[PDB]
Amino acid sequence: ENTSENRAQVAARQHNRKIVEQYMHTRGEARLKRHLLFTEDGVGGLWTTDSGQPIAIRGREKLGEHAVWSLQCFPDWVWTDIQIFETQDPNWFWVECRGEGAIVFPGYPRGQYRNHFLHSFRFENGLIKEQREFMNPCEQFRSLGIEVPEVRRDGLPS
């Protein structure tokens, strides 16, 4: 049905999608301003870590400081194979994509890092309130020269 309430939802979903698209195409020095797409109290970060706890970055200002670190450590990062998923909630989107670039973490040799990622984007008033990324930390270990633990799966059918 074409009601003003359904129309508002569509508008919201369209606006929010544009921001997800912008986020995912943000490269290079533009990364230093990606925080501006967040609410003042917005949270972003990595939900799949070796420690098992997220690295959550809280607040628009913190996100901007994190961007300085990220550009140092991932100096040429690009996201590719981007698929955006709208949901039944006009303020919640998922993205499946890959990423590749140099990895330059102190205490390790410089490497080439590739991973598969899922991102969650939740919105409030047209700005991102919570962004979360999910990847396989094992692929990061490989990029850093870190031995990847191996699980034997005995009897796993063929």
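Only the largest set of C-alpha atoms that superpose within 1.5 Å between the two forms is called the rigid core. We number the residues from 1 along the sequence you see.
K.L.:
Find the stretch among 134 to 142 and 7 to 15 with the larger RMS C-alpha deviation in 9 other deposited structures of this protein, all structures being superposed on the shown form by the rigid core.
P.N.:
Farther from the shown form on average in 9 other deposited structures of this protein: 7 to 15.
K.L.:
Could you check which stretch, 50 to 58 or 25 to 33, carries the larger mean CA temperature factor in the entry?
P.N.:
Averaged over C-alpha atoms, the B-factors run higher in 50 to 58.
K.L.:
Mean CA B-factor: is it higher for 12 to 20 or for 146 to 154?
P.N.:
Here the higher of the two C-alpha B-factor means belongs to 146 to 154.
K.L.:
Can you tell me which third, lowest, middle or highest, the CA B-factor of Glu124 falls into for its chain?
P.N.:
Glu124: CA B-factor falls in the highest third of its chain.
K.L.:
What third of its chain, lowest, middle or highest, does the C-alpha temperature factor of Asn91 fall into?
P.N.:
Middle third by C-alpha B-factor.
K.L.:
Based on the deposited C-alpha B factors for this chain, I'd like to know if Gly99 is in the lowest, middle or highest third.
P.N.:
Its C-alpha B-factor, which the entry lists for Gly99, ranks in the lowest third among residues of this chain.
K.L.:
Looking at the entry's B-factor column for C-alpha atoms only, identify whether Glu133 ranks in the lowest, middle or highest third of its chain.
P.N.:
For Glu133, the deposited C-alpha B-factor lands in the middle third.
K.L.:
Against its chain's modelled residues, does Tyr113's Cα B factor rank lowest, middle or highest third?
P.N.:
Lowest third - that is where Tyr113 ends up once the chain's C-alpha B-factors are sorted.
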